[PDB]
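Heads up, the chain below is alone and in the form deposited in one PDB entry; it's given as structure tokens.
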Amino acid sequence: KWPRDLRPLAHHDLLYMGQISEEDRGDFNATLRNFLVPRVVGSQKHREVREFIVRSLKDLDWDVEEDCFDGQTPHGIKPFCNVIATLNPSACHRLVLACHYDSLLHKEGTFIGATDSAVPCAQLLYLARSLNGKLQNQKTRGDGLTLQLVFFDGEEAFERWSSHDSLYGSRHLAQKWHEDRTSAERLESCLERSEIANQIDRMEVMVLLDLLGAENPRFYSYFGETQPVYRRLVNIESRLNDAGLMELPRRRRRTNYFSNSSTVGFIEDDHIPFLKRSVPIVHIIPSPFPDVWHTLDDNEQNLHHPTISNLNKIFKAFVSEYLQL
């Protein structure tokens, strides 16, 4: 059983999280435009993207940390900088939403990585912005739960994906947090039977978004441990559809992104170094990958906007339910 009682979103809140005004659309797209540039490790546009993320979240009065370091790669020594934003640093437990902000250095030409992961980056910032008032209110409760957003650097391989060439930022951060010791007594309102020995134990669940923005994604539950959390995403999507709040190409259709079916697939991503340290993971990545995956066609025009809108409604409702906004 999940360590936190997961109370179903009231209808009033579901309906609110499920509407998207044209200024909602406009705000998200304006956010997204900042990420639809090549973001290769070490580059100027990469530092500009990080600066944008940092300022956006500092403007919202979040605590923002830049976890920077240099690491050896097949292309020589490289600088990396993870961005960690925490709404209430004192709160013992974090609901962590994450993605990567670097883009693949593509051998053929300029690679935008619109789904991989410009859309997930923008979705995290859009969540922070659009739920800001509710989040600021939730932070005052002293209930020991907060929201945390991690934008990992160096997710992509420089050459052939391997244990040593991939996940530079997440490998670094998981180790950093594992070795940084702390205890429940130093923290605000930890749950009763919490075993807190280090920073990594404060990660209540890590929801990792990746390869989003293409039409008709298929998600599955990748971890039995987080099946209670995963099923809330299934339930929210079902309720949005029942209420007629999803955008579909024709009348009398339903989205079915979050399957209840079992899968036996394994995908390496930024969750791995945390998974190895007992952090519960929900991996929101489609299977199969978008047809555009790691091609020069993973670009702005190939994004499917109605799907992005539907996903934003699900994620907003999810956060709202988890934090009881």
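Residues that one form lacks are left out of the comparison. Sequential numbering from 1, following the sequence displayed. For clarity, a rigid core is taken as the largest C-alpha set superposing within 1.5 Å between two forms.
Quick note: we don't show the form deposited in another entry, though the next part is all about it.
S.K.: Would you mind telling me which residue of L36, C68, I267, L60 shifts its Cα by 2 Å or more between this form and the one not shown when the core is superposed?
M.R.: The listed residue whose C-alpha shifts by at least 2 Å is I267.
S.K.: Taking the shown form as reference, are the C-alpha positions of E268 and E225 brought closer or pushed farther apart in the other entry, with a change of 3 Å or more?
M.R.: Here the pair is farther apart than in the other entry; there, closer.
S.K.: Hey, the CA atoms of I267 and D116 end up closer or farther in the other entry than in the shown form, with the change being 3 Å or more?
M.R.: Farther is correct, given that in the other entry the C-alpha spacing of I267 to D116 is increased by at least 3 Å.
S.K.: Where does the chain move between this form and the one not shown, taking runs of at least 3 residues whose CA atoms all shift 2 Å or more after fitting the core?
M.R.: 262 to 272 is the only stretch that shifts between this form and the one not shown.
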